[PDB]
Amino acid sequence: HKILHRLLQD
Amino acid sequence: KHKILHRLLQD
Amino acid sequence: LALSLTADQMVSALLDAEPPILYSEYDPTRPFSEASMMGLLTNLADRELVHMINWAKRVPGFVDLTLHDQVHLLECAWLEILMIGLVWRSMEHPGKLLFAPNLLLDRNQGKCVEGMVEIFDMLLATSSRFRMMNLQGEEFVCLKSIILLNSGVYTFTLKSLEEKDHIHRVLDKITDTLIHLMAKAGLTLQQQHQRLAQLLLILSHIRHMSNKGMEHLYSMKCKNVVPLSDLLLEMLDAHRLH
Amino acid sequence: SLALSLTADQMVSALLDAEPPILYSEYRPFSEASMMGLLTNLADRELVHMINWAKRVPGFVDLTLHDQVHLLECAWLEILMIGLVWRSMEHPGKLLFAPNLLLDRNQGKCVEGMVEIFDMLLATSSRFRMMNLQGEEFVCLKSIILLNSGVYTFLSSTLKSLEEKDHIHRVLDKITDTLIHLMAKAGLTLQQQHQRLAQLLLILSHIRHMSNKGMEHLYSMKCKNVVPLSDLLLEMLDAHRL
Ligand SMILES: COC(=O)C1=C(C(=O)OC)[C@@H]2O[C@H]1C(c1ccc(O)cc1)=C2c1ccc(O)cc1
Ligand SMILES: COC(=O)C1=C(C(=O)OC)[C@@H]2O[C@H]1C(c1ccc(O)cc1)=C2c1ccc(O)cc1
C-alpha cells in the first residue's frame, strides 16, 4: 500500500 | 434450453 | 412510439410503470444466520424480478426490441436495477437499507453474511449521495430506465445496428426528459448540465456495486449457502463468473 | 483555488499539456505468458507516467496523499483502458496496446478469459469512433474517471472529509463546464450539448464494468504465477480485494 505513496511524493 | 427470462418476457 | 412522446408523457409513463414495494418473508421468531439472511434477500430479489420484467416492458422503446435483445439488457442490468431501487427506498432512512418495509437493516446486521458489509457500505454511501442531492422521484425513474437501456447496449448482422440506433435515440429522449425536469424545477442552465453529470456519474458507482454484488452472489452460490431460483441461476450465469 | 480559477480553455490546455507519452512494447510468435508479459510490462511502465499525469490534473494536488492514493488505486485500470480505447480509435477491429503491439481480435487469443475483455474494449473504441470523440473531450473524460471513481468510497465521516469531497465535486463540476464549452465551441445546440454529455458519461459506466472484469482476470493471473506481476502492480491489485 506504500510504493504508490512513495511515487506520489516522488 | 429455453431461458426462463425469455419466456417471462412473453407473458 | 417512444420518440414522439413529450417529456411530460415520458415521466408520466415511467411513474405509472413503477413496480410495487414487496415485503420480505422475514421471520422475527429466530435470529439471523448467514444462510437465513441470504435466503431472505434472494427470495425478495426473485419476487422483485418478476415485477421488473413487467416494468421493463412498459419502459418506452423496450418492446420494440427483439426478445433476444430484451433478454440481454435485463441480464446485464437486473442487479443494478434492484440496487438503485433499494438506494431510492432507503434515502430517508439514514444508516439503514430498506430492503422491504419489514426488512430494514443497518451495516452491523448483515455483517453476518461474509463479504456483504462492503456492499452494504457502498449502498449506504449511494443513498446518502441521493439524499444530499435531493434526488426526485421523476429523476429516479429516468435513471432506472437509462440503466436498463444502457448497461447492455455496447455488448450487442444488419438488424444489429438499427437496434443499437433505436436504443441511443430513446436514451437521448431520456436525457431531454432529465433536462426538462431540471428546467421546470428552476435550475439554471449551468446547474442543469452540472446536475445531469452528477446523476450520470452515480451510474458508474451503481455498475461498480452491481459487479461486486454479482461476485458475492456467485461465491454464495459456489459455497452452497443458499439455493437460488432457476431464474436467479440464469441471470447470475449471464455474468459468467469465475 | 488554483484549479477552480482556470478558464475552460486553460483547463483544456493544462490537461493536454499533462498527457503522458505513448510507450512501446518490446521488439517471434506469441504464447499465453509472453503475451500477458508484454501487457503487464507495459501497464507497469504506463502506471509510473499515470502518477505523474495525475499530479497535473487540476485539483488533484489539493487533496491529501491518502486520498490521492485511494483515487489512483480505484481508477488506475479504468484510466489504462480509456487510454487504450482512445489510441485504438482509428484502427477498427484492433487494440493499439503500443505502436508496435497492435492486436486484432483476429489474433488467436492465446490468453484465456481475454477475449470478452478485448471485445468490450473494441466496442468502446467503435463507440468513440461513431461519436467522433475529440482529444479535448478525451482528456476531460480521463480526469473525470480519476476524480469520480473513488469519490463515493471515502467512508470517512469527518469535517475534513466532507470539505474534501465537496472540493472534488467542485472540480468535477468544472470539468463538466469544460466539456460543455468544447461542445458549444464546436457549434452544437444546447439540446445536442446535453445529449452528447450524457452519451460520454454513460460510456464511463461501461469503462467501469470493463475495469471490474479486468481486475478479476488479473487477480486470477496473480494466483497462477505464470506471469511476473511487478511490485507496484501487486499493490494496485491488492487494493481492489482490500
Ligand atoms: C447480502 O449482501 C449482498 O450479497 C447483496 C446486496 C447488499 O448486501 O444489499 C445491502 C444486494 O446485492 C446482494 C443482493 C442479492 C442477494 C441475493 C440475491 O439472490 C440477489 C441479490 C442484493 C439485493 C439488493 C436489492 C434488493 O432489492 C434485493 C437484493
Ligand atoms: C486478459 O486480458 C486482460 O488481462 C487485460 C486487458 C485486455 O486484454 O486488453 C486491454 C487490459 O486489462 C487487462 C490488462 C492488463 C494486463 C496486465 C497488467 O499488468 C495490467 C493490465 C489490460 C491492459 C489495458 C491497458 C493497457 O495499457 C495495458 C494492459
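Residues numbered from 1 in each chain as written, not as in the entry; some residues may be left out. Chains lettered and ligands numbered in written order. Heavy atoms only, no water. Residues with missing side-chain atoms left out of burial classes, pairs and counts.

- Per the deposited record, the coordinates in this entry were obtained by X-ray crystallography to a resolution of 2.000 Å.

## Some words on the interface of chain D and chain C
Frequently, the measure chosen for interface size is the accessible area removed from exposure when the parts meet.
Right, on to step 1. Contacts between chain D and chain C engage 33 residues on the former and 33 residues on the latter.
Right, on to step 2. Contributing elements (two or more residues each) for the side of chain D that touches chain C: α4 (114-131), α5 (135-149), α6 (159-185) and α7 (190-222) of chain D.
Right, on to step 3. If you tally residues by element for the side of chain D that touches chain C, the top one is α7(D), at 18 residues.
Right, on to step 4. When its residues are assigned to classes, the side of chain D that touches chain C shows 13 nonpolar, 13 polar and seven charged. (Contact = heavy atoms within 4.5 Å. Helix = DSSP H or I, 4+ residues; strand = E, 2+ residues; numbered from the N terminus. Nonpolar A, V, L, I, M, F, W, Y, C, P; charged D, E, K, R; others polar.)

## Quick look at the pairing of strand β2 (residues 101-104) of chain D
Residue and element names in this part refer to chain D.
Right, on to step 1. Of the pairings in the sheet, the one linking strand β1 (residues 94-98) to β2 comprises four bridges and is antiparallel in character. Bridge assignment links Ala-98 to a residue of β2, and that residue is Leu-101.
Right, on to step 2. Here β1 hands over to β2 after two residues, the two strands then running antiparallel side by side. (Pairing = 2+ DSSP bridges.)

## Regarding the side chain of D:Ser88
Residue and element names in this part refer to chain D.
Right, on to step 1. Positionally, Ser-88 belongs in helix α3 (residues 65-88).
Right, on to step 2. From its side chain, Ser-88 meets the backbone oxygen of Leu-84 in a polar contact 2.7 Å long.
Right, on to step 3. When neighbours within four sequence positions are excluded, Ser-88 is seen to be in contact with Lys-94, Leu-95, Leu-96, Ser-125 and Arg-129. (Polar contact = N/O pair within 3.5 Å; in protein donor to acceptor, adjacent residues only side chain to side chain.)

## Quick notes on the interface of chain B and chain C
Right, on to step 1. Taken together, the eight residues of chain B in the interface contact 12 residues of chain C.
Right, on to step 2. Taken over both partners, the interface formed by chain B and chain C buries close to 1100 Å², and the fraction arising from carbon and sulfur atoms is 76%.
Right, on to step 3. Contact with chain C buries area across many residues of chain B, yet B:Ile4, B:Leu5 and B:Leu9 alone supply 59% of it, more than any other trio.
Right, on to step 4. The interface formed by chain B and chain C contains one salt bridge.
Right, on to step 5. Here B:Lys3 makes a salt bridge to C:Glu75, at a shortest N to O gap of 3.0 Å.
Right, on to step 6. When grouped by side-chain class, the residues that make up the side of chain B that touches chain C number four nonpolar, two polar and two charged. (Buried area = accessible area lost by both parts, 1.4 Å probe. Salt bridge = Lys/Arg side-chain N within 4 Å of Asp/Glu carboxyl O.)

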